[PDB]
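Shown here is one chain on its own, the form deposited in one PDB entry, set out as structure tokens.
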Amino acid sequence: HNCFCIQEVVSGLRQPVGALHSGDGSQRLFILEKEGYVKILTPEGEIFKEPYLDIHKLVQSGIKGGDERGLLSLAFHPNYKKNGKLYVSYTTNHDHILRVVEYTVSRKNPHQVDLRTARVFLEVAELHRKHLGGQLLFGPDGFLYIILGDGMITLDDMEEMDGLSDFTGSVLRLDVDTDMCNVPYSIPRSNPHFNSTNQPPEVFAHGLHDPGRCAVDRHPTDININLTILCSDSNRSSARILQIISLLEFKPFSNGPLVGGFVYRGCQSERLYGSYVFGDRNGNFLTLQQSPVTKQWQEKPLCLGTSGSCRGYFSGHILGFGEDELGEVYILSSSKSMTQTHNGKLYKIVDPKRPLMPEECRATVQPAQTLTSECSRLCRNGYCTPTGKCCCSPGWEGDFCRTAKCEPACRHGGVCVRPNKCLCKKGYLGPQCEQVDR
């Protein structure tokens, strides 16, 4: 009598890999498709016909099972409501490269990102097509964590090939909130290699092999602990943890290989609040609890059962998980039958013991607005940083890169119209208007 149940929410996805919201109040859910798409699902349950992001041309997907290449992850800037910034990680065309790129939603349309605004941050080289990782997330510190798998690169493979990474197998951590204009991302002071020119400054921890989706506790009440990141891993199946006030390798699981996990922070289940949930491909879930007393970890199983329309099974295999803005969680699934007809699916987890909309859970949809920041309206000739800093293209300047540069200057009422281009009035001639007619 303690089971949870599963509700189908949408079908007809193409090989979904996960889903998340954008923290802008709009209760939109962004569904990632592996071939390279992000679709929008409204709180009313419509899927928009135009992708929010369509980069299937840049991304090298993959056909075989086990071929982990495609769109990997998506993270929205913590202040996206204002700056319209998002970060994606995909694999593109030494087998391939794993980019991590910043994009900016379009200025004219809240529901489509401006493909022109790409702004690459990392490019990690890859020899194989497994153990990639790619999970992006923002901690409450405001920094950008990137969990990378070892790419199954050996120490052999690393010493006899220059142009590898030192990044693979690691949790990197960046400060995207830079005012600098010459390097894409700053580096946190707290980093365990700030300025150190031996081990790479981005790295914040390492030794991950084949991580799944990693649970992320943001400790809203817990004032002592800042962020905990808990990862399933194979190579057989084990956990790895990270707490912030360099990672520890236990094994609380006693069965097969997990897809990943999540920390439930929703409102609809009371019983489940704060729990760490992990699941496998076939939908056997478990919870993890730390003993306050001994700090040891225990798996309790968590079961599914039918309760009305809300079933105790779902079809296909789990590929990923999803969390909406209200904190409710989803399963993304597909099969070999499912994937051939684009019938991947989004299911919601429900606590049948509680109402679907308890008084405490109501919330008012705040419809996504056109980008409004100062930097967005004015910075034409360059690019904005997340902080509002306009970073001029080459040959421009001024606060918002509005005024053009000419070395040398324009003369006889000339006018520096675009970089090294003078408008001469009628009658002076030349590159800089320096010669007079006749």
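In case it trips you up, residue 1 is the first one in the sequence shown, and so on.
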**Request:** Find out whether the coordinates of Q340 are absent in at least a third of the other compared PDB entries of the same protein.
**Result:** yes
**Prompt:** Hey, does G134 show up as a hole in at least a third of the other compared models?
**Reply:** no
**Message:** Our gap detector needs a label for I245 to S246. Which class matches the unmodelled residues of the deposited sequence there: none, 1 to 3, 4 to 9, or 10 or more?
**Reply:** 4 to 9
**Prompt:** If you count the residues of the deposited sequence that sit between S190 and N191 but have no coordinates, do you get none, 1 to 3, 4 to 9, or 10 or more?
**Reply:** none
**Asked** Looking at the entry, does 324-332 or 167-175 show the higher mean C-alpha B-factor?
**Response** 167-175
**Prompt:** Which is higher in the entry, the mean Cα B factor of 398-406 or that of 23-31?
**Reply:** 398-406
**Request:** Return the residue from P51, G45, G62, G36 that has the highest Cα B-factor in the entry.
**Result:** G62
**Fill in**
Max C-alpha B-factor within the set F76, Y276, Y313, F204 falls on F204
**Fill in**
Chain-relative C-alpha B factor for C384 (record values, thirds): the middle
**Prompt:** By its CA B factor, does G84 count among the lowest, middle or highest third of the modelled residues in the chain?
**Reply:** middle
**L258 CA temperature factor, ranked by third within the chain** = lowest
**Request:** Using the B-factor values recorded in the entry, state whether the Cα atom of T228 falls in the lowest, middle or highest third among the modelled residues of its chain.
**Result:** middle
**Item:** CA B-factor placement of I318, once the chain's modelled residues are sorted into thirds
**Value:** lowest
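Not pictured, yet referred to below: the form deposited in another entry.
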**Prompt:** One rigid part pivots relative to another between this form and the one not shown; at which of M158, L127, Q290, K405 is the hinge?
**Reply:** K405
**Request:** Tell me whether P220 and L326 end up closer or farther apart in the other form, going by their C-alpha atoms; the shift is 3 Å or more.
**Result:** farther
**Prompt:** Would one find the Cα atoms of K295 and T221 closer or farther in the other form than in this form, where their distance changes by 3 Å or more?
**Reply:** closer
